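Overview (structure and organization)
Spelled out from the first residue to the last, the chains are:
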Amino acid sequence: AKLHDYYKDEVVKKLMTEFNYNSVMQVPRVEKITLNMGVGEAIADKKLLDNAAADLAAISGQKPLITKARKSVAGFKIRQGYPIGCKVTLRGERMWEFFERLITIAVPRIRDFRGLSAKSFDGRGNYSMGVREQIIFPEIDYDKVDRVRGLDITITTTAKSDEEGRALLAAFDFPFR
Amino acid sequence: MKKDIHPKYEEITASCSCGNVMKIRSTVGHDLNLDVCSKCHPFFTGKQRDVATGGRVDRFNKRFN
Amino acid sequence: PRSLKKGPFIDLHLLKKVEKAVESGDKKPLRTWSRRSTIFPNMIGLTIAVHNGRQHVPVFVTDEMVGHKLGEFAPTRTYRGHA
Amino acid sequence: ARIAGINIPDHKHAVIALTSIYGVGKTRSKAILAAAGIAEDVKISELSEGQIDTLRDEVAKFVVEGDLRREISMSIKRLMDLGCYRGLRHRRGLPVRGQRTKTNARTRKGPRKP
RNA sequence: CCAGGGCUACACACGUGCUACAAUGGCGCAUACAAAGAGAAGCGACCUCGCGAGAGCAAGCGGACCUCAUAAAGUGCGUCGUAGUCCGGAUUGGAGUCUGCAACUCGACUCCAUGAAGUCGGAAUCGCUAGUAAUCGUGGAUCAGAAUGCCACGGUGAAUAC
RNA sequence: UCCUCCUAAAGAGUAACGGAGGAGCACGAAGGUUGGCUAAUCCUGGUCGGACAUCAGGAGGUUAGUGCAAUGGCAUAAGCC
């Protein structure tokens, strides 16, 4: 969307005049943004699962996919083939729309923002942030109240370092304590 | 995408209580006014105001001449 | 607490000894039985061995403790546990 | 309806629902309504946006939820870093101001379990 | 004899009380009805400032005269509409006043912020036969300061005794 | 009674009251075909979430899997959808 345009001017020109570059394919671009909602209580009750899926469809753009348990462990009393979590992956236009919605309207309401961490990065260009509560996305009616049901977002860039992806996210006017 | 299973996705025009307009595509159902936005915000402008972590020499010498 | 129209309190001997040890600069633990007297800005930079009824426990005076009194850092009733 | 800490339950009265913000009790919420001129009889249900931001700036100039949380946790932490008696009673889990601890002071130490 | 500490500690158990768990109530505002007192290194008006505890100046009174001292429930107006809630006021942080050499161990009070357990309480058990029980407030001794205890004074004032 | 390994002496076969384990079934899909896909284990980050569920990336190459014991085999996958 519009931050795709702001990327293609300002962020790519700043990363051109930040690292020594020859080609415009060296500079990283964000490939995808993945929401996870680790419900984990679907072994007990089942309607919480589809209501958490409705919350992910409300916060993100498209419908979430219910993911299944791959390895069964009795320490959380789980079984092979149970609908144990939910996830959405947005890439492209909807990813840019969700990215401008995260920056502009979501993080302002994050309830005592003392500056989110900058040591969060991966080693190959992934940021990961876990919101403690899903209210900070304004798409909820708030009149429905179910539970807390926080989620986490994982942004994946094709950057190699953490200097690379960290300065790339800092070019998107990100807070960064 | 799949053609039916997704809900509506409308471009709605929000206006921050500070005043800034934003035409964003989402799924609320109405143009909703946020209280604070990422512009004219405390931390995005620099208005965080960390506490003085002990001004006890200023406190004492303020209290007594 | 003390009213803030009266000011602070410090015993005459404690004040005079603290001023003498600040002027001559030697920073040994000076011993006192005057827990009640409040600390001052003049008093950072010196360990002081204050009374608690049995022993003189030494405290190092740092920046923060100037508003409090000297007896806050010497626990009188030593309690270790019931089992 | 949406204020910086959390929401307001929209069906209550003015000062009664304004007190539900952490950081402001009843007389200070009365001072807020005096500063906006809002009568206490109108609920938050009727309140259009003009009165809402006229409430918002006046409660912004007052101390609010998150920084007060930071201030109380930091002051307790600082007294514990000191080495005094008040921070010491904050460390152990006993009352700090001279309460009877022979039989009472149960709120500070929890249920009467063993 | 002197200085500091302890009698105030705290995994625990018991007795006696105060307070709440609420709508026969909470809160705001307005307004009415007493008695017994106490008071000189004390009792403190009226007036100035403070949200306040109070402070400053400060007449009167060894008191049926001054001073504490405004009694509150009640009565009337509106809201709250059955919720851990506009119920509860414990704990804690900050800012303060007073007294006294001194308020940290360990005083009381004011103010702001937070709002703990608690939805009438098992086995048991107590008090009470009338201006009594139950509820409401005042006062005094002790006392530099420090009552939810004690000793009094009164206001509304029942049920039952076959 | 039947199956797998060893003794069994590099074809097959070969005994003992020699050393070791399993079967008396299951499945209308766990069969046929077409199309697709590639494991186990650690490391990092991340709400509840923890040694360990979910997510993203990286090393690593079949140490994984096979409806059920063992041998042989399997990437053109015999594994998974």
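Parameters at a glance
- Residues numbered from 1 in each chain as written, not as in the entry; some residues may be left out.
- Chains lettered and ligands numbered in written order.
- Part of a larger assembly, values for the part shown.
- Heavy atoms only, no water.
- Disulfide = S-S within 2.5 Å.
- Helix = DSSP H or I, 4+ residues; strand = E, 2+ residues; numbered from the N terminus.
- Buried < 20%, exposed > 50% of the residue type's maximum accessible area, 1.4 Å probe, protein only.
- Contact = heavy atoms within 4.5 Å.
- Buried area = accessible area lost by both parts, 1.4 Å probe.
- Salt bridge = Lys/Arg side-chain N within 4 Å of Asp/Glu carboxyl O.
- Polar contact = N/O pair within 3.5 Å; in protein donor to acceptor, adjacent residues only side chain to side chain.
- Nonpolar A, V, L, I, M, F, W, Y, C, P; charged D, E, K, R; others polar.
- Pairing = 2+ DSSP bridges.
- Axes fitted to C-alpha atoms, helices over the stretch in contact; angles between N-to-C directions.
- Near = heavy atom within 4 Å.
- Expected span 1.5 Å × (residues − 1).

Take the state of the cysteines next. Residues and elements named next belong to chain B. Scanning the model with the defined rule gives 2 disulfides over all chains in all. The disulfide bridge from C16 ends at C37, spanning 2.0 Å between sulfur atoms. Across the disulfide from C16 to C37, rotation about the S-S bond amounts to roughly -95°, and the bridge is consequently left-handed. Within this pair, whereas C16 is found in the loop between β1 (10-15) and β2 (21-26), its partner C37 is found in the loop between β2 and α1 (42-45), the two being separated by 21 residues in sequence. Accessibility assignment for this pair places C16 and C37 in one class, buried. The disulfide partner of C18 is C40, and the S-S distance across this bridge is 2.0 Å. Between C18 and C40 the sulfur-sulfur dihedral comes to about -120°; the bridge is accordingly left-handed. Residue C18 is found in the loop between β1 and β2, and its partner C40 is found in the loop between β2 and α1; the two are separated by 22 residues along the sequence.

On to the interface of chain D and chain C, then. Counting residues at the interface gives 6 residues for chain D and 6 residues for chain C. Between chain D and chain C, the buried area comes to about 620 Å², and carbon and sulfur atoms account for 62% of it. On the chain D side of the interface with chain C, the three residues burying the most area are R78, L82 and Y85 of chain D, jointly 59% of the side's total. The interface formed by chain D and chain C contains 1 salt bridge. For the salt bridge of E64 of chain C with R78 of chain D, the shortest nitrogen-to-oxygen distance reads 2.6 Å. Here chain D and chain C share 2 residue pairs in polar contact between them. Here the residues of the side of chain D that touches chain C are counted per class, giving 4 nonpolar, 1 polar and 1 charged.

This part takes up the pattern of salt bridges. This model, assessed by the stated rule, comprises 10 salt bridges over all chains. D112 of chain A is paired through a salt bridge with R114 of chain A; the nearest N and O atoms lie 3.6 Å apart. When its relative accessible area of 31% is taken as the criterion, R114 of chain A is described as partly exposed. Three or more residues are tied together by salt bridges with common partners; here these are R56 of chain B, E64 of chain C together with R78 of chain D.

This part is about the sheet that holds strand β3 (residues 83-90) of chain A. The strands that make up a sheet are held in pairs by hydrogen bonds between backbone atoms, and each pair lies either parallel or antiparallel. Residue and element names in this part refer to chain A. Reading across from one edge, β2-β3-β1-β5-β4 is the order of the 5 strands in this open sheet, with antiparallel pairing throughout. Two strands close off the open sheet at either side, each with one partner strand: β2 (65-68) and β4 (126-130). Neighbour-to-neighbour, the strand axes of this sheet turn through a mean angle of 25°, independent of strand direction. For strand β1 (residues 30-37) and β3, the ladder comprises 5 bridges, and the chain directions are antiparallel. Bridge pairing links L35 to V88 in β3. Across the sheet, helix α2 (residues 47-59) is in contact with β1, β2 and β3; its angle to β3 comes to roughly 10°. Packing of helix α3 (residues 93-106) onto the sheet brings it into contact with β1, β3, β4 and β5 (152-157), and relative to β1 it is tilted by some 65°.

With that settled, consider the protein's contact with RNA strand E. Residues in close proximity to RNA strand E total 54 residues, the closest being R36 and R77 of chain C together with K12, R89 and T101 of chain D. Sugar and phosphate atoms constitute 77% of the interface atoms of RNA strand E, taking the interface as everything within 4 Å of the protein. Here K5 of chain C contributes a side-chain N or O atom positioned 3.4 Å from a phosphate oxygen of RNA strand E. Taking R86 of chain D, its side chain carries an N or O atom lying 2.8 Å from a phosphate oxygen of RNA strand E. Those elements that place two or more of their residues in the surface near RNA strand E are α2 (26-36), α4 (65-82) and α5 (86-92) of chain D. Among the residues making up the surface near RNA strand E, the classes are represented as 15 nonpolar, 18 polar and 21 charged.

Counting residues at the interface gives 21 residues for chain A and 21 residues for chain B. Summing both sides of the interface, chain A and chain B together bury roughly 2000 Å²; the carbon and sulfur share of this comes to 62%. Here chain A and chain B share 1 salt bridge between them. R25 of chain B is the partner of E93 of chain A in a salt bridge, and the nearest nitrogen-oxygen pair spans 3.0 Å.

Residues and elements named next belong to chain D. Compared with the 16 Å implied by 1.5 Å per residue over 12 residues, the 16 Å span of helix α3 (residues 49-60) between its first and last C-alpha is a close match. Along α3, the positions that sit buried rather than exposed are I52, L55, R56, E58 and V59. Summarising the contacts, the buried residues of α3 are in contact with α1 (14-18) and α2.

Examined against the element boundaries, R2 of chain D turns out to sit in the segment before α1. For the pair formed by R2 of chain D and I52 of chain D, sequence separation is 50 residues and the distance between their alpha carbons is 8.9 Å. Each residue touching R2 of chain D, except ones within four places of it in the same chain, is listed here: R109 and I135 of chain A, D35 of chain B together with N7 and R56 of chain D. A distance of 3.4 Å separates a polar atom in the side chain of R2 of chain D from a polar atom in the side chain of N7 of chain D.

All names here are of chain C. Within the open sheet, the 3 strands sit side by side as β1-β2-β3. Their pairing is mixed. Bordering the open sheet on either side are β1 (30-32) and β3 (56-60), each of which pairs with just one other strand. Between one strand and the next, the sheet's axes are offset by a mean angle of 30°, whatever the strand orientation. Of the strand pairs in this sheet, β1 and strand β2 (residues 47-51) are connected by 3 bridges, and their pairing is parallel. Within the sheet, the bridge partner assigned to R31 lies in β2 and is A49.

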